[PDB]
C-alpha cells in the first residue's frame, strides 16, 4: 500500500507516509512542557506513524496562542524537549517541531476554557503584536499593537534562535508556522496587513516577512534536514482563485529559497468565511499546489480514514498524509490503518511488546 511506503527527503527517511501534524495540547506552563507532552508524544511515536510533528511552539512568550502553549524562547525550554525527542527516535519515528508566533490570535483562552481573547482584567493576558493594529473580530476582538521595523527584526531573530535550539535539542524536521491566521499568515493576507512600508501593499511586500524568515532560518538549519512550512493557501472568503494563485506563487518562491516541503492548509485569517469541510476536501487544493509549485506537500482536515489517506497518495495529491484527530482518538492509528489496508504483518507497525500478541 502507498500509505506504508517509506519517504526520503534530504538525509531523513520516514518509515511510512503517515505524519502526525502539530497539535497544541495547551498543557504547558510558562512555555515549559512536562510529563503530559512527554507521554503523549512518546505514545504517538510508538503508535507507528513515520513522522511526529510537535505542536506549535512559540518563538517568544507573546507569540503563544494561550497560557498553556509550549515555547522554545530560551535554552531551558529547548532542553526540556530533549528527553521527548529521544523517546520519539527510540520508537523509530522522526521527530519534528513546528515553531510559531500566534501574532494577533495570541493571548487567548484554552479552547475548553472559552476559546476567546483573554479578558482585560484577567491577569494572564498580554499585549499581542501584528503587521497592523486590526482585530480578527468575532471571539478574538483584541486590537494588536502594530509592529515596527524593529519588532519585525526581533521576531525574525526569535525564529532563527528557535530553529537553532530545535536543532540542538535533536529535532530532524522543522516546520515554520506561516498558517492559520497567526503572524506569518497575517503578513501575507490583505485582510490583516494594511502596512504602507516594505512589508505591506504589493505581492512582493506581503511575501517579504515570510521569505525573510525562511531565509534567516535557512542559514542555521542544516542543509541535510527537511526544512518545511505550513501555509494557508486560501481562505474561502470569496477571493479564492486570486488568493490561491498568489499563494502558489509564494510556494514557488519558498522552493527557490530551499523549502523542502509545504504543508498546505487554510488561512483562517478572518472569521467571515465559508469553509467546505468534508472528507479529503483539501485533496484537490494540495494536488494543485503540488503540481504547480512542483514541491512535495502534505495536508490534513479530512484524511483520517485509511482508504481516504491511501487514495490521496495513489492520486499524488499528497506526498505524506497528516492525520490529526484520529491519533487523538487512537494513538495507534497507524496500526489500525495497516490492518484496514491488509499490510503484511500489520501488527509489527507497533513495537514487539504489542506486535507479538496482535498477530
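Numbering follows the first chain given and starts at 1.
Taking the recorded C-alpha temperature factors, which stretch has the higher mean, 82 to 90 or 133 to 141? Averaging CA B-factors over each stretch, the winner is 133 to 141.
Higher-scoring stretch by recorded Cα B factor average, 28 to 36 or 297 to 305: Stretch with the higher mean C-alpha B-factor: 297 to 305.
Residue with highest C-alpha B-factor in the PDB entry, from 149, 248, 179, 99: When the deposited C-alpha B-factors of 149, 248, 179, 99 are compared, 149 is largest.
Report the option among 117, 164, 104, 255 whose CA atom has the maximum B-factor in the deposited record. Comparing C-alpha B-factors across 117, 164, 104, 255, the top value belongs to 164.
Residue 50 by Cα B-factor - lowest, middle or highest third of the modelled chain: According to the entry, residue 50 has a C-alpha B-factor in the chain's middle third.
According to the PDB entry, is the CA B factor of residue 265 in the bottom, middle or top third of its chain, that is, lowest, middle or highest? Answer is lowest: the recorded C-alpha B-factor places it there.
Going by the CA temperature factor in the PDB record, which third of the chain does residue 126 belong to: lowest, middle or highest? Lowest third, going by the recorded CA B-factors of the chain.
By its CA B factor, does residue 77 count among the lowest, middle or highest third of the modelled residues in the chain? Its C-alpha B-factor belongs to the middle third of this chain's values.
Name the third of the chain's ranked CA B-factors that contains residue 358, choosing lowest, middle or highest. It falls in the middle third of the chain.
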